[PDB]
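In what follows, a single structure is set out as C-alpha cells and then discussed.
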Amino acid sequence: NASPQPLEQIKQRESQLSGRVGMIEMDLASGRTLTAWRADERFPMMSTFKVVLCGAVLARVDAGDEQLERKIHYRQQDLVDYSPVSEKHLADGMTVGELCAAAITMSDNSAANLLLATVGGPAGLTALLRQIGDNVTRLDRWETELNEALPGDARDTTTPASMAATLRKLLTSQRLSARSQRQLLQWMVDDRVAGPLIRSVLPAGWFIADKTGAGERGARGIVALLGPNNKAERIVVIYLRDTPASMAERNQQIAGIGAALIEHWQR
C-alpha cells in the first residue's frame, strides 16, 4: 500500500521523537518550497555549517586570495574531539583542499577550525552569509562548542528554509565559480559518514550529495541534494532537536522522512 504523504509522516515522527523536527524540500532550479515543516524555526547547524564554510573558502580561491594547495601545520593542542583525519597529519600538515575534504567527507572538527581561521572566524562566516542575503543563519562559536545546543539558544543555528536557500545560492548562483561549485558538490557526493541517513533509503540510480551533523540534547541533521536519473533535482534539509532518542532512532527517523519524500516525489 502507498505510505502517507510526507507531512503526515513528519508530524507522526516528531511525536515519536518527543522533540522538534524541522524540514524543507526545495526545488533546486526555482527555489520553490515543495514540502515544509517548522521551516522557519531555528535548529543547531552542527557540522552542516561545514558546507557554508567550504563555500566561503572556495570563494576566496575564486578571488585569488586562497590556494587549495596551501599547506597548514598545527599542534596536538589544536585538535578538538572527532578529528579522524587531522589527528593523523601532525607531522606532515594538510593543504587547504585536504582540510575542506576532511571537513565535508569525514566531518573532521579540527579541519573546520583551521579553515574558520581563514574566513574571519564564526563572525566572519556570518558576515559572508549576510553578504549573500541569508539574514537568519548565524555561526557564533568554533568546534566543538558550537554543538552545545542549549534549548532555545539562537547561537550556531539556521532554519531549514534559510539553509536550503543558502545551499542553492552556493551551489547554483554566480556567487561561486562553476569549478568551485563542482568541487563543493563533489565533496558532498563523497560524504563517508551519512550511510544510515538518506543514503539508506535512496533508490539505485539516484544522485545524492549530503552533509550530516550531530550535537547535544539529541540534535541531528542532514542537508542534501538528490534526484532520480543521477541528477540533482531538490534540496532536502532535515533537523531534529531536543529529543532523548538514541542515535540509531534519530538516523532512522531522518531516513524515514527522506523515504517519504522519495516515495511521493512526483507531483
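By order in the C-alpha cells, chains are A, B, ...; within a chain, residues start at 1; ligands start at 1, following the order shown.
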
Please report, as JSON lines, each residue of region 14-52 of chain A lying at most 10 Å from region 159-169 of chain A, together with the nearest pair of atoms and the separation in Å rounded to one decimal; use only C-alpha atoms, and order rows by chain and ascending residue number.
```
{"residue": "A:21", "atom": "CA", "partner": "A:160", "partner_atom": "CA", "distance": 9.9}
{"residue": "A:22", "atom": "CA", "partner": "A:160", "partner_atom": "CA", "distance": 6.3}
{"residue": "A:23", "atom": "CA", "partner": "A:160", "partner_atom": "CA", "distance": 5.4}
{"residue": "A:24", "atom": "CA", "partner": "A:160", "partner_atom": "CA", "distance": 5.7}
{"residue": "A:25", "atom": "CA", "partner": "A:164", "partner_atom": "CA", "distance": 8.2}
{"residue": "A:26", "atom": "CA", "partner": "A:164", "partner_atom": "CA", "distance": 7.0}
{"residue": "A:27", "atom": "CA", "partner": "A:168", "partner_atom": "CA", "distance": 9.3}
{"residue": "A:28", "atom": "CA", "partner": "A:168", "partner_atom": "CA", "distance": 6.5}
{"residue": "A:29", "atom": "CA", "partner": "A:168", "partner_atom": "CA", "distance": 8.4}
{"residue": "A:30", "atom": "CA", "partner": "A:168", "partner_atom": "CA", "distance": 9.5}
{"residue": "A:31", "atom": "CA", "partner": "A:165", "partner_atom": "CA", "distance": 7.1}
{"residue": "A:32", "atom": "CA", "partner": "A:165", "partner_atom": "CA", "distance": 9.8}
{"residue": "A:33", "atom": "CA", "partner": "A:161", "partner_atom": "CA", "distance": 8.5}
{"residue": "A:36", "atom": "CA", "partner": "A:161", "partner_atom": "CA", "distance": 8.2}
{"residue": "A:37", "atom": "CA", "partner": "A:160", "partner_atom": "CA", "distance": 8.7}
{"residue": "A:38", "atom": "CA", "partner": "A:160", "partner_atom": "CA", "distance": 7.8}
{"residue": "A:39", "atom": "CA", "partner": "A:160", "partner_atom": "CA", "distance": 4.8}
{"residue": "A:40", "atom": "CA", "partner": "A:159", "partner_atom": "CA", "distance": 5.4}
{"residue": "A:41", "atom": "CA", "partner": "A:159", "partner_atom": "CA", "distance": 5.4}
{"residue": "A:42", "atom": "CA", "partner": "A:159", "partner_atom": "CA", "distance": 4.7}
{"residue": "A:43", "atom": "CA", "partner": "A:159", "partner_atom": "CA", "distance": 6.0}
{"residue": "A:44", "atom": "CA", "partner": "A:159", "partner_atom": "CA", "distance": 8.6}
{"residue": "A:45", "atom": "CA", "partner": "A:159", "partner_atom": "CA", "distance": 8.5}
{"residue": "A:48", "atom": "CA", "partner": "A:163", "partner_atom": "CA", "distance": 9.1}
{"residue": "A:49", "atom": "CA", "partner": "A:163", "partner_atom": "CA", "distance": 9.0}
{"residue": "A:51", "atom": "CA", "partner": "A:167", "partner_atom": "CA", "distance": 8.0}
{"residue": "A:52", "atom": "CA", "partner": "A:167", "partner_atom": "CA", "distance": 7.6}
```

Any idea what's packed within 9 Å of residue 139 (chain A), counting only C-alpha atoms, ignoring anything in its chain fewer than 3 positions away? Could you give it as an MDAnalysis selection string?
chainID A and resid 45 49 121:126 142 146 155:158

At a cut-off of 12 Å, using only C-alpha atoms, what residues contact residue 73 (chain A)? Leave out same-chain residues fewer than 6 positions from it and give the result as a list in words.
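In the requested format, the answer is residues 79, 86, 87, 88, 89, 90, 91, 92, 93, 94, 95, 96, 99, 110, 111 and 114 of chain A.
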
Which of region 136-244 of chain A end up as strand (DSSP E or B) when DSSP is run on this backbone - answer as number ranges by chain?
A: 138, 157-158, 207-214, 220-227, 234-241

Take the residues from that selection and write them out as a PDB file, in the first residue's frame, keeping C-alpha atoms.
```pdb
ATOM      1  CA  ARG A 138      24.458  32.559  12.437  1.00  0.00           C
ATOM      2  CA  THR A 157      21.628  27.971  14.288  1.00  0.00           C
ATOM      3  CA  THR A 158      19.934  28.073  10.913  1.00  0.00           C
ATOM      4  CA  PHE A 207      22.043  11.326  -7.308  1.00  0.00           C
ATOM      5  CA  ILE A 208      22.973  12.167  -3.683  1.00  0.00           C
ATOM      6  CA  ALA A 209      25.265  14.808  -2.196  1.00  0.00           C
ATOM      7  CA  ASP A 210      24.955  15.441   1.541  1.00  0.00           C
ATOM      8  CA  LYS A 211      26.427  16.634   4.834  1.00  0.00           C
ATOM      9  CA  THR A 212      25.382  15.474   8.318  1.00  0.00           C
ATOM     10  CA  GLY A 213      25.532  16.991  11.764  1.00  0.00           C
ATOM     11  CA  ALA A 214      25.142  15.824  15.362  1.00  0.00           C
ATOM     12  CA  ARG A 220      20.907  15.686  14.498  1.00  0.00           C
ATOM     13  CA  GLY A 221      20.521  16.775  10.896  1.00  0.00           C
ATOM     14  CA  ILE A 222      21.287  16.472   7.225  1.00  0.00           C
ATOM     15  CA  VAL A 223      21.467  18.746   4.218  1.00  0.00           C
ATOM     16  CA  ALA A 224      21.185  17.006   0.854  1.00  0.00           C
ATOM     17  CA  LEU A 225      20.776  17.420  -2.878  1.00  0.00           C
ATOM     18  CA  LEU A 226      19.171  14.419  -4.572  1.00  0.00           C
ATOM     19  CA  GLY A 227      17.153  13.300  -7.538  1.00  0.00           C
ATOM     20  CA  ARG A 234      15.800  19.006  -4.977  1.00  0.00           C
ATOM     21  CA  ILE A 235      17.380  20.199  -1.744  1.00  0.00           C
ATOM     22  CA  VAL A 236      16.233  18.415   1.409  1.00  0.00           C
ATOM     23  CA  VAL A 237      17.142  19.803   4.852  1.00  0.00           C
ATOM     24  CA  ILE A 238      16.053  17.861   7.961  1.00  0.00           C
ATOM     25  CA  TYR A 239      16.950  18.864  11.547  1.00  0.00           C
ATOM     26  CA  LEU A 240      15.977  17.282  14.870  1.00  0.00           C
ATOM     27  CA  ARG A 241      16.413  18.935  18.273  1.00  0.00           C
TER      28      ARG A 241
END
```

Could you list, as a ChimeraX atom specification, every residue within 10 Å of residue 197 (chain A), counting only C-alpha atoms and ignoring same-chain residues fewer than 4 positions away?
/A:193,201-202,210,212,221-222,248,250-259
